[PDB]
Amino acid sequence: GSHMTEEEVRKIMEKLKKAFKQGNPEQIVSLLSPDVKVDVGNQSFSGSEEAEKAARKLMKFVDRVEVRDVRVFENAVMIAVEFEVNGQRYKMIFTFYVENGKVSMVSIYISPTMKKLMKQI
Amino acid sequence: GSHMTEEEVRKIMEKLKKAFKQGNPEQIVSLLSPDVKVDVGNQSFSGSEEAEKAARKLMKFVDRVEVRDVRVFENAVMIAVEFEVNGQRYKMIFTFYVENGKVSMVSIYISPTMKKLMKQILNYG
Ligand SMILES: [Cl-]
Ligand SMILES: [Cl-]
Ligand code: NA
């Protein structure tokens with residue numbers, strides 16, 4: 001009545017996984033709920049518009065994307081990625097929490113070395 | 001030079017799991033980095049002492065804890081729990097990101113029905 005079956009979460013996982021693998025950010029943005037909450041480093045973003053703006057900014061600095069692993073846990077889709085920015089490689093973890101077929105919350109873990117870089121972006 | 005092995009992460013996972021199941025928050029607080037960042041709903045907390053305060057507030061209202069499932073993903077420990085508050089059961093997911101043997105960041109997913117309740121507890125508990 002308000003939750004998502006494993007099958008439903010898996011469908012969104014496949015979409016997210018495919019989008020990351022193709023380096024296709026627009027598919028992921030379309031999966032965000034209008035009031036999506038994004039947490040990355042000290043920064044926090046509210047709303048799909050703010051999230052889309054942030055995603056586009058980040059992707060402009062990213063020269064290469066590699067998907068290391070993807071896992072589903074309850075209504076959470078976790079994606080471990082490596083981004084190349086200016087010849088340097090950074091590992092990040094994206095967690096997508098799904099409600100009603102869309103992503104309500106995004107938690108992004110970034111390494112301390114990327115924190116300095118991420119402030120610029 | 002800066003990472004944690006799967007074995008070290010799993011050790012902390014076991015500690016976190018035991019603390020939840022046995023209902024002993026001080027064990028969790030002891031694993032938090034001094035500058036731990038916690039996000040739950042609209043609330044945000046910085047520092048272990050502040051996180052400790054939030055944990056104590058919550059535990060005042062939580063009458064039962066059930067650890068439904070636990071998984072390790074890279075340096076993230078995810079714990080799915082059910083909390084009982086005032087006779088009602090809520091499902092939550094706690095994600096603990098580990099750095100250098102302690103938890104640097106905590107991300108908590110809560111269902112929309114719990115959102116109002118959690119704001120009361122964390123602000124006014
Ligand atoms: Cl449901
Ligand atoms: Cl290391
Ligand atoms: Na949410």
# chains A, B, ... in the order shown; residues from 1 in each chain; ligands from 1
call {"tool": "residues_near_ligand", "arguments": {"ligand": "ligand 3", "cutoff": "8 Å", "atoms": "only C-alpha atoms and all ligand atoms", "output": "list in words"}}
result
residues 36, 37, 97, 98, 99, 104 and 105 of chain A; 41, 109, 110, 111 and 112 of chain B
call {"tool": "interface_residues", "arguments": {"of": "chain B", "to": "chain A", "cutoff": "9 Å", "atoms": "only C-alpha atoms", "output": "list in words"}}
result
residues 37, 39, 41, 42, 69, 70, 71, 73, 74, 75, 76, 78, 80, 93, 97, 99, 105, 107, 109 and 111 of chain B
call {"tool": "residues_near_ligand", "arguments": {"ligand": "ligand 2", "cutoff": "7 Å", "atoms": "only C-alpha atoms and all ligand atoms", "output": "NGL selection string"}}
result
:B and (1-4)
call {"tool": "select_by_dssp", "arguments": {"residues": "stretch 6-124 of chain B", "states": "alpha helix (DSSP H)", "output": "NGL selection string"}}
result
:B and (6-21 or 25-30 or 48-61 or 112-124)
call {"tool": "write_last_selection", "arguments": {"atoms": "C-alpha atoms", "output": "PDB file, in the first residue's frame"}}
result
ATOM      1  CA  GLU B   6      36.786  -5.658   3.839  1.00  0.00           C
ATOM      2  CA  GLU B   7      37.773  -7.414   7.062  1.00  0.00           C
ATOM      3  CA  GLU B   8      38.069  -4.177   9.054  1.00  0.00           C
ATOM      4  CA  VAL B   9      34.732  -2.885   7.755  1.00  0.00           C
ATOM      5  CA  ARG B  10      33.079  -6.192   8.645  1.00  0.00           C
ATOM      6  CA  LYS B  11      34.444  -5.944  12.194  1.00  0.00           C
ATOM      7  CA  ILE B  12      32.788  -2.570  12.695  1.00  0.00           C
ATOM      8  CA  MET B  13      29.616  -3.901  11.078  1.00  0.00           C
ATOM      9  CA  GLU B  14      29.466  -6.661  13.691  1.00  0.00           C
ATOM     10  CA  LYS B  15      29.925  -4.079  16.455  1.00  0.00           C
ATOM     11  CA  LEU B  16      27.167  -1.825  15.067  1.00  0.00           C
ATOM     12  CA  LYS B  17      24.827  -4.778  14.590  1.00  0.00           C
ATOM     13  CA  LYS B  18      25.318  -5.921  18.182  1.00  0.00           C
ATOM     14  CA  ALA B  19      24.761  -2.407  19.536  1.00  0.00           C
ATOM     15  CA  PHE B  20      21.424  -2.095  17.713  1.00  0.00           C
ATOM     16  CA  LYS B  21      20.172  -5.566  18.569  1.00  0.00           C
ATOM     17  CA  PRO B  25      23.724   3.256  21.823  1.00  0.00           C
ATOM     18  CA  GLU B  26      26.963   4.084  23.656  1.00  0.00           C
ATOM     19  CA  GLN B  27      28.733   1.386  21.619  1.00  0.00           C
ATOM     20  CA  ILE B  28      27.536   3.133  18.444  1.00  0.00           C
ATOM     21  CA  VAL B  29      28.575   6.549  19.739  1.00  0.00           C
ATOM     22  CA  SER B  30      32.042   5.245  20.528  1.00  0.00           C
ATOM     23  CA  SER B  48      29.840  12.816  17.936  1.00  0.00           C
ATOM     24  CA  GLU B  49      28.563  14.627  21.022  1.00  0.00           C
ATOM     25  CA  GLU B  50      25.677  16.055  18.962  1.00  0.00           C
ATOM     26  CA  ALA B  51      25.063  12.624  17.442  1.00  0.00           C
ATOM     27  CA  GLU B  52      25.108  11.146  20.949  1.00  0.00           C
ATOM     28  CA  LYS B  53      22.436  13.634  22.014  1.00  0.00           C
ATOM     29  CA  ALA B  54      20.241  12.659  19.063  1.00  0.00           C
ATOM     30  CA  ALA B  55      20.717   8.940  19.743  1.00  0.00           C
ATOM     31  CA  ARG B  56      19.702   9.359  23.397  1.00  0.00           C
ATOM     32  CA  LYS B  57      16.636  11.395  22.432  1.00  0.00           C
ATOM     33  CA  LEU B  58      15.502   8.662  20.058  1.00  0.00           C
ATOM     34  CA  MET B  59      16.138   5.827  22.514  1.00  0.00           C
ATOM     35  CA  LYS B  60      13.871   7.558  25.051  1.00  0.00           C
ATOM     36  CA  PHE B  61      10.985   6.907  22.687  1.00  0.00           C
ATOM     37  CA  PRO B 112       7.106   9.317   5.313  1.00  0.00           C
ATOM     38  CA  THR B 113       4.866   8.242   8.206  1.00  0.00           C
ATOM     39  CA  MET B 114       7.792   8.513  10.637  1.00  0.00           C
ATOM     40  CA  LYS B 115       9.015  11.887   9.318  1.00  0.00           C
ATOM     41  CA  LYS B 116       6.814  13.984  11.611  1.00  0.00           C
ATOM     42  CA  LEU B 117       7.500  11.792  14.641  1.00  0.00           C
ATOM     43  CA  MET B 118      11.279  11.846  14.152  1.00  0.00           C
ATOM     44  CA  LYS B 119      11.375  15.641  13.986  1.00  0.00           C
ATOM     45  CA  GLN B 120       9.650  15.865  17.375  1.00  0.00           C
ATOM     46  CA  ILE B 121      11.978  13.335  18.979  1.00  0.00           C
ATOM     47  CA  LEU B 122      15.237  14.789  17.643  1.00  0.00           C
ATOM     48  CA  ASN B 123      14.364  18.436  18.326  1.00  0.00           C
ATOM     49  CA  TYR B 124      12.335  18.143  21.508  1.00  0.00           C
TER      50      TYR B 124
END
call {"tool": "select_by_dssp", "arguments": {"residues": "chain B", "states": "strand (DSSP E or B)", "output": "JSON, numbers by chain"}}
result
{"B": [32, 33, 34, 35, 36, 37, 38, 39, 40, 43, 44, 45, 46, 62, 63, 64, 65, 66, 67, 68, 69, 70, 71, 72, 73, 76, 77, 78, 79, 80, 81, 82, 83, 84, 85, 88, 89, 90, 91, 92, 93, 94, 95, 96, 97, 98, 99, 102, 103, 104, 105, 106, 107, 108, 109, 110]}
call {"tool": "closest_residue", "arguments": {"among": "A:120, A:49, A:87, A:100", "to": "ligand 1", "atoms": "only C-alpha atoms and all ligand atoms"}}
result
A:100
call {"tool": "closest_residue", "arguments": {"among": "B:38, B:64, B:81, B:22", "to": "residue A:40", "atoms": "only C-alpha atoms"}}
result
B:38
call {"tool": "closest_residue", "arguments": {"among": "B:65, B:47, B:32, B:82", "to": "residue B:96", "atoms": "only C-alpha atoms"}}
result
B:32
call {"tool": "closest_residue", "arguments": {"among": "A:14, A:52, A:28, A:5", "to": "ligand 1", "atoms": "only C-alpha atoms and all ligand atoms"}}
result
A:5
call {"tool": "decode", "arguments": {"residues": "chain B", "atoms": "C-alpha atoms", "output": "short mmCIF file (atom, residue, chain, number, x, y, z; two decimals), in the first residue's frame"}}
result
data_model
loop_
_atom_site.label_atom_id
_atom_site.label_comp_id
_atom_site.auth_asym_id
_atom_site.auth_seq_id
_atom_site.Cartn_x
_atom_site.Cartn_y
_atom_site.Cartn_z
CA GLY B 1 47.31 4.42 2.47
CA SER B 2 43.85 5.70 3.40
CA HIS B 3 41.37 2.85 2.85
CA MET B 4 39.91 0.04 4.93
CA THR B 5 40.00 -3.65 4.10
CA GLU B 6 36.79 -5.66 3.84
CA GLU B 7 37.77 -7.41 7.06
CA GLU B 8 38.07 -4.18 9.05
CA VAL B 9 34.73 -2.88 7.76
CA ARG B 10 33.08 -6.19 8.65
CA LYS B 11 34.44 -5.94 12.19
CA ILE B 12 32.79 -2.57 12.70
CA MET B 13 29.62 -3.90 11.08
CA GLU B 14 29.47 -6.66 13.69
CA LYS B 15 29.92 -4.08 16.46
CA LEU B 16 27.17 -1.83 15.07
CA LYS B 17 24.83 -4.78 14.59
CA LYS B 18 25.32 -5.92 18.18
CA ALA B 19 24.76 -2.41 19.54
CA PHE B 20 21.42 -2.10 17.71
CA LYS B 21 20.17 -5.57 18.57
CA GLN B 22 21.17 -5.32 22.23
CA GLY B 23 20.01 -1.70 22.40
CA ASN B 24 23.28 -0.16 23.53
CA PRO B 25 23.72 3.26 21.82
CA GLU B 26 26.96 4.08 23.66
CA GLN B 27 28.73 1.39 21.62
CA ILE B 28 27.54 3.13 18.44
CA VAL B 29 28.57 6.55 19.74
CA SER B 30 32.04 5.24 20.53
CA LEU B 31 32.41 4.22 16.85
CA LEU B 32 31.53 7.69 15.57
CA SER B 33 34.28 10.00 14.35
CA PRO B 34 34.49 13.30 16.29
CA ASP B 35 33.34 15.16 13.17
CA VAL B 36 30.73 12.61 12.10
CA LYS B 37 28.04 13.96 9.80
CA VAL B 38 24.50 12.67 10.35
CA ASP B 39 21.55 13.21 8.01
CA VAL B 40 18.02 12.10 8.86
CA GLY B 41 15.05 13.84 7.25
CA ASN B 42 15.57 17.60 7.23
CA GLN B 43 17.70 17.34 10.36
CA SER B 44 21.48 17.43 10.17
CA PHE B 45 24.01 16.82 12.92
CA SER B 46 27.74 17.47 13.14
CA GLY B 47 30.01 15.91 15.74
CA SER B 48 29.84 12.82 17.94
CA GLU B 49 28.56 14.63 21.02
CA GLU B 50 25.68 16.06 18.96
CA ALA B 51 25.06 12.62 17.44
CA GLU B 52 25.11 11.15 20.95
CA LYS B 53 22.44 13.63 22.01
CA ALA B 54 20.24 12.66 19.06
CA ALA B 55 20.72 8.94 19.74
CA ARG B 56 19.70 9.36 23.40
CA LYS B 57 16.64 11.39 22.43
CA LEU B 58 15.50 8.66 20.06
CA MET B 59 16.14 5.83 22.51
CA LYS B 60 13.87 7.56 25.05
CA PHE B 61 10.99 6.91 22.69
CA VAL B 62 12.02 3.57 21.17
CA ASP B 63 10.51 0.63 23.09
CA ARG B 64 11.74 -2.17 20.83
CA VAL B 65 14.42 -2.58 18.19
CA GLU B 66 14.54 -5.30 15.58
CA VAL B 67 17.48 -5.63 13.23
CA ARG B 68 15.91 -6.94 10.05
CA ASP B 69 19.00 -7.20 7.85
CA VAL B 70 22.59 -5.98 7.61
CA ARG B 71 24.86 -5.62 4.59
CA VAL B 72 28.33 -4.32 3.81
CA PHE B 73 28.93 -2.40 0.59
CA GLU B 74 32.44 -1.01 0.14
CA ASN B 75 33.00 1.16 3.23
CA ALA B 76 29.28 1.37 3.95
CA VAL B 77 27.46 -0.66 6.57
CA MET B 78 23.73 -0.74 6.02
CA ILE B 79 21.38 -1.81 8.77
CA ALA B 80 17.65 -2.23 8.22
CA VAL B 81 15.80 -1.86 11.50
CA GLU B 82 12.30 -1.74 12.86
CA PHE B 83 11.66 0.65 15.75
CA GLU B 84 8.62 0.53 17.99
CA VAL B 85 7.48 3.93 19.20
CA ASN B 86 4.29 4.29 21.23
CA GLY B 87 2.94 0.95 20.00
CA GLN B 88 3.61 1.59 16.31
CA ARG B 89 6.34 -0.03 14.18
CA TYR B 90 8.51 1.91 11.74
CA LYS B 91 11.09 0.67 9.25
CA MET B 92 14.33 2.59 8.91
CA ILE B 93 17.64 2.12 7.19
CA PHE B 94 20.88 3.28 8.83
CA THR B 95 23.96 3.56 6.62
CA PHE B 96 27.32 4.01 8.33
CA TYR B 97 30.26 5.04 6.13
CA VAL B 98 33.57 4.12 7.71
CA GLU B 99 36.92 5.90 7.47
CA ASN B 100 40.08 5.00 9.40
CA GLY B 101 38.23 2.61 11.72
CA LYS B 102 35.39 4.93 12.73
CA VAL B 103 32.13 6.19 11.23
CA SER B 104 32.58 9.43 9.30
CA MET B 105 29.01 9.76 8.05
CA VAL B 106 25.59 8.39 8.91
CA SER B 107 22.71 8.40 6.45
CA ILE B 108 19.27 7.47 7.77
CA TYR B 109 16.29 6.65 5.58
CA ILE B 110 12.92 6.95 7.27
CA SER B 111 9.45 6.33 5.88
CA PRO B 112 7.11 9.32 5.31
CA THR B 113 4.87 8.24 8.21
CA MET B 114 7.79 8.51 10.64
CA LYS B 115 9.02 11.89 9.32
CA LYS B 116 6.81 13.98 11.61
CA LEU B 117 7.50 11.79 14.64
CA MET B 118 11.28 11.85 14.15
CA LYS B 119 11.38 15.64 13.99
CA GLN B 120 9.65 15.86 17.38
CA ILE B 121 11.98 13.34 18.98
CA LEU B 122 15.24 14.79 17.64
CA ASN B 123 14.36 18.44 18.33
CA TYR B 124 12.33 18.14 21.51
CA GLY B 125 13.04 14.70 22.97
#
